[PDB]
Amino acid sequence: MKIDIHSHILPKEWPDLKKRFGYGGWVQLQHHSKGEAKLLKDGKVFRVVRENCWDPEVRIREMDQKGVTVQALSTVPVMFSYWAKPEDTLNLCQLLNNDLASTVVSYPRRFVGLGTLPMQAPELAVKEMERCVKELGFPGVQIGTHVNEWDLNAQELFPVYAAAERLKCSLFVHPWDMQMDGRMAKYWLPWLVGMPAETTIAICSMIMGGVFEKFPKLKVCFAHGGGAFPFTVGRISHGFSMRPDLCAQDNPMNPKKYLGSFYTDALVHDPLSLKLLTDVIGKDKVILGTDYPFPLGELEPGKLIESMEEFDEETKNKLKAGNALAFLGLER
């Protein structure tokens, strides 16, 4: 009921990305009937979205009703475009980052921005992060759980973290690009399961890959309660102890030690799950996050947190605000 770290927005419209770059596979936004807009990935309507997804005044209005002071705006993860030619992805990012900056400058007390980067091109990414921080004044950027074949361990992605740490730029890691075919192609599994597992895979890839060790000041936040992690860190930190040959290759420390090193959002729905998340990550490293305006998100922002009979005043207002404030590097 204060700060929302996990929300997604889209320009009302953008150019024919196919026309613009010369090849296909991009997404376009069709406004056909009123109130609704169809997202197209060449051919299929892959998701239908309402006005709140592109129109800030509509968002301020829903925010006002739900008591939410500020949303951190990031793009829809499908816009990452990590696959395309680096200079084309970078062109998109500058356009989505500019649109993001336009929305913030208009309600700077209601929004802050989390940019996207052309991650497949680490040098291009690091340039947009400078521009995003010095020019646009973004506190941080939102990034995928993996860049094609690279997981958040690849040393190639090291120029980006070194940048983020120097630029005091936060990192919100979002699962995306799950497997969508075959056995996941049913029961919404790509989303109920495939997603938390991408986040588990990334949290693992980072710790064991040494990143938190190499950049002890790189501030990270993972989506969806950290995925399965808070419950399976026990298994994970044990397999680590049992096979240093498979696991301790790049970073000797036990995963159990980076607990308290990173944040997650509190999007876990159940109160028993929230208790554990704070139990295991710290009442200081958990951040309210809604997946606004998507349905798989928390419909009543902060409700789960102000129901916790376990939590007192300073802890609820931490999970609801101060943690966000701390992670972004802003202040009341």
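Throughout, we count residues from 1 along the sequence that is shown. Whichever C-alpha set is largest while still superposing within 1.5 Å between the two forms counts as the rigid core.
RMS Cα deviation from the shown model in 4 other deposited structures of this protein, rigid core fit, is larger for 31-39 than for the other stretch of the pair 55-63 / 31-39.
Averaged over their C-alpha atoms, the temperature factors of 234-242 and 81-89 are higher for 234-242.
Annotation for 244-252 versus 146-154: the higher mean temperature factor (C-alpha) is found in 244-252. Listed residues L96, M208, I201, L136 were ranked by CA B-factor as deposited; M208 comes out on top.
Among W176, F212, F172, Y107, the highest C-alpha B-factor in the deposited entry belongs to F212. For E306, the recorded CA B-factor ranks within the highest third of the chain. Only modelled residues enter the ranking. In the PDB entry, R47 places in the middle third of its chain by CA B-factor. Placement of the Cα temperature factor of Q65 within the chain: middle third of the modelled residues, per the deposited record. Residue-level temperature factors show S33 in the highest third of its chain, judged at the C-alpha atom.
Annotation for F222: CA B-factor lies in the lowest third of the chain's modelled residues.
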